[PDB]
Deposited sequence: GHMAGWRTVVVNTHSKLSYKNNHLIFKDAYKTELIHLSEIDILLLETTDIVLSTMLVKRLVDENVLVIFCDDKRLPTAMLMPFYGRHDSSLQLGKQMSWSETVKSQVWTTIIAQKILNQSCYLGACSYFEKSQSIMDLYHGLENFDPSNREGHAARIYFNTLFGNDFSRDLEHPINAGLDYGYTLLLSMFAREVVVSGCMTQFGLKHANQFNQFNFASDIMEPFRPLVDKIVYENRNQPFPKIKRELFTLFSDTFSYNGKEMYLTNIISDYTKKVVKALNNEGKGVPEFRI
């Protein structure tokens, strides 16, 4: 909604493509918008027709295209099959630098998990996580991050909450993470990096491997909303997750829209990896 240029279509209309423009037609007007200016196209209602030529050009320009549920909330997106000299730069990232940056980013997440428990006054649990953060070693082979998560999620949602199907906590958390992931994946593509190669995981295929790394510190933005709505039905949880995209968050001194923060953070992680691990950005809640 906010930050990134977002075109919202929610009325009875036809979308087409001509001469580098998105073309919108309804009974009242025609609108033309240069595709290079769109970051997100949100198709909110069920009375829109579009062409596959438009779809093809949208995907060529890395526009995030999102189709919605019966309540006008994000529910599917276009996902490309294969998303500057960044490629050669990336091939030059040493193991040491990669492992370092990965560790620093994951540490941010563990820190944010501790901080959020702190904001909820779970101080004992919070400390326990802070201790895991301070103990974190390169690549975290003893899986401190997992221990921290087990503490974090059990404290927020109760023990064995994954077995309680009457509260859709995991669907809620995953929905949020998918929204975050959609935007990080876009910024990774735009950076020029190879998207399937991240900083640590090599065995299992993940088409969003690198984005999945970079998004890590942001996940507690979602945790918090789902926690605040932990006794609500899924549609309500989805509606509240959507409010991320129009709130501001504090970052690098200022209050900024999430989309802009994602774009800045991603570029700076890439820049840091290109420059020996120096200047890894930070995101704090």
**Study point:** Deposited-sequence ranges lacking C-alpha coordinates, in sequence order
**Key:** 1 to 2, 86 to 89
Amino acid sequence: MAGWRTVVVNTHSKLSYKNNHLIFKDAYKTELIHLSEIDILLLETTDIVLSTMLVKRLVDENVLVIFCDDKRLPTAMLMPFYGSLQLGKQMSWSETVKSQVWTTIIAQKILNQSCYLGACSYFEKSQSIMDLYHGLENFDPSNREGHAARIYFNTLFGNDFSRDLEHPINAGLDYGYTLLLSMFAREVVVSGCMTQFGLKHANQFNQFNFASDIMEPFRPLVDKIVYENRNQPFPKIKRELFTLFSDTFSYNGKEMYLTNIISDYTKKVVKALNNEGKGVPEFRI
From here on, numbers count along this sequence of modelled residues.
Practice item. Between 244 to 252 and 217 to 225, name whichever shows the higher mean Cα B factor according to the PDB entry. Key: 244 to 252
Review point. Going by the B-factors listed in the PDB entry, is the mean over the C-alpha atoms higher for 88 to 96 or for 178 to 186?
Key: 88 to 96
Exercise for review: Quick one: classify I237 as lowest, middle or highest third of the chain based on its Cα B-factor.
Suggested key: middle
Practice item. Give the position of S36 by CA B-factor within its chain, expressed as the lowest, middle or highest third. Key: highest
Review point. Going by what the PDB entry lists, where does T155 fall on CA B-factor within its chain: lowest, middle or highest third?
Key: highest
Practice item. Determine, from the deposited record, the chain-internal third of the Cα B-factor for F210: lowest, middle or highest. Key: lowest
Check your understanding: Thinking about Cα B factors across the chain, which third does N260 belong to?
Key -> middle
